[PDB]
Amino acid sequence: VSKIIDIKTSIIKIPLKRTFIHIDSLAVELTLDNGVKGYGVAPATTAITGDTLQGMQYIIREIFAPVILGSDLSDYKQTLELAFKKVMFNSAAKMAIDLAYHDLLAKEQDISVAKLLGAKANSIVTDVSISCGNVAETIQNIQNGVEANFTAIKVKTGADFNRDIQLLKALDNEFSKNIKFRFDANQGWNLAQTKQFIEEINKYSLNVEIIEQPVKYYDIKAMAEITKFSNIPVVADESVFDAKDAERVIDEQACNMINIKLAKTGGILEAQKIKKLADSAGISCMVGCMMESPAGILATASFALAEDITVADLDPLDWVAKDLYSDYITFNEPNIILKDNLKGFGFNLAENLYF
């Protein structure tokens, strides 16, 4: 019977290849009394989840640790429930702890986390995301993505609505229906603008897979109205963090698809609850992420493969140097492929914690 006898945290900062419109992460290490160690890594994206590195560090060390230390690994579901009830929000802090527990559970069975969760397949396709910009600049960026082998393109909108509308014209004459578009407004549109955008799209011949979070996260009425109006799948992102949020958008029919992110759910256990609710309601799920470390991408990919989720916006790997992830992931665009025979997730903190 293994018990968790130690918890450490470390701050990890990673540079981005370009500016997006660095990554701050907290890593946590849990140590069993048999010597096995497990790791989880979460982003501090304050504008979205409200997490800060400083808050996460305090919460893990002073709040979660007293609950976790001395507890049996096999009691993890209860331990995490007890720990998490002491903290409102701070979902990224919860993610880090949840992931480290799964890392331990897998290592105790000498298998990968993906395998622990029931995955067989090793590979998932991601879109590439395109930052907000002027139409011309945006066409170039998309072209670069296509040349890089991506056929699914996430285009950021909502900053300049006229630009978003003009862009569709430019898109229609420069791209075939072999290129598949995903529009993500990040809450930037009102109800009327959203309806306009959808109509504009249909003025053209374009392959558009989804419209993501067009309005404010709390305007569930507008989401439900946009969903009924739309001939294109509507995705809830910020409208759904957790299972109770999922229940609300299901009950109010406010989306066709839920974008599950581990940094919103507070890790894998809660993400599994959302998927189960969505399955029962005939609502589809995709996975997404913050602009976060490859470790978070690997965890998210592991969850998706276990859950039969094939739609993914996992692009941050494209924003960072290959050598960061090359130990556990082969990115042959646009495929994210888990390496064989990893124990747990397969990443280690030696350079951060030890060297």
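Numbers for residues come from their place in the sequence shown, where the first is 1.
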Between 277-285 and 156-164, point out the one with the higher average CA B-factor as the PDB entry records it.
156-164
If you average the CA temperature factors as listed in the entry, which stretch comes out higher, 216-224 or 172-180?
172-180
In terms of CA temperature factor as recorded, identify the highest of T126, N259, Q272, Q143.
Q143
Residue set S239, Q78, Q193, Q187, per-entry CA B-factor max assigned to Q193
Taking the chain's C-alpha temperature factors as the reference, tell me which third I11 falls into: lowest, middle or highest.
lowest
Mind checking which third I5 falls in for C-alpha B-factor across the chain?
middle
Chain thirds of CA B-factor: placement of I21:
highest
Per the entry's values, where does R248 land by CA temperature factor relative to the rest of its chain, in the lowest, middle or highest third?
middle
According to the PDB entry, is the CA B factor of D51 in the bottom, middle or top third of its chain, that is, lowest, middle or highest?
lowest
